[PDB]
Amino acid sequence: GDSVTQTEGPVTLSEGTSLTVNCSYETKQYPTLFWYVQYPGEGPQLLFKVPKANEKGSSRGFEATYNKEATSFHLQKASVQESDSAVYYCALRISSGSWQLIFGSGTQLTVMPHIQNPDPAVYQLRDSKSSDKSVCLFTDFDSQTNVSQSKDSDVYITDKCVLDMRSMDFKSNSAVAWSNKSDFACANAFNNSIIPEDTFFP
């Protein structure tokens, strides 16, 4: 059987650290080896290929060596960027049948952005008419912060999300919590999370 096996993941890395996604392949044929990348909301697309055994290929700072003796095609990047968050697929093709691609299972990578000036805070948005929800916004925290689920009833909490305001060269994490209850207040919304001591409640 012709097959591809790669790191199970999911992988999470801080921006600027190095990535290794392992890929083994098995075939008696002479394969061409590939990495494909799939960014959120998009279809797969080719990252790079290597048709000659023991050669290297590279693209967007990623590289991989077609190591014939180890039957490996490990993906490496010395310094991941936030825009590298994606699913990475190792694949092979052999000159047989329809010359089709055989894909590994894929390895998801999340790159947490570097937040130079953390400004952690929980803000209360203005109550909306046509909605009984009260919305809190935990924002501007370090990537060291993780957001935990609520242990309170009828409170909904979404995980951290990175928004990019390009024209200000500025990135920030945020998480949203909302609820119906009157007991709900932003001061206690995120109490199950371990947040910065200096977090600011207005």
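Numbering starts at 1 and runs along the sequence shown.
Novice: Name the higher of the two by mean Cα B-factor in the PDB entry, 55-63 versus 138-146.
Specialist: Higher of the two, by average CA B-factor, is 138-146.
Novice: Between 87-95 and 121-129, which has the higher average C-alpha B-factor in the PDB entry?
Specialist: Looking at the recorded C-alpha B-factors, 121-129 comes out higher on average.
Novice: Among 188, 17, 12, 20, where is the Cα B factor highest in this entry?
Specialist: It is 188.
Novice: Between 157, 37, 70, 165, let me know which has the highest C-alpha B-factor in the entry?
Specialist: Reading the PDB entry, the winner on C-alpha B-factor is 165.
Novice: Which third, lowest, middle or highest, does the CA B-factor of residue 28 fall in along this chain?
Specialist: According to the entry, residue 28 has a C-alpha B-factor in the chain's middle third.
Novice: Among all modelled residues of this chain, ranked by Cα B factor, put residue 153 in the bottom, middle or top third, i.e. lowest, middle or highest.
Specialist: Ranked within chain, residue 153 CA B lands in the middle tercile.
Novice: If you rank the chain by CA B-factor, which third does residue 79 end up in: lowest, middle or highest?
Specialist: Within its chain, residue 79 is a middle-third residue by C-alpha B-factor, going by the deposited values.
Novice: Sorting the chain's modelled residues by C-alpha B-factor, tell me whether residue 115 ends up in the lowest, middle or highest third.
Specialist: For residue 115, whose C-alpha B-factor we compare with every modelled residue in the chain, the answer is the highest third.
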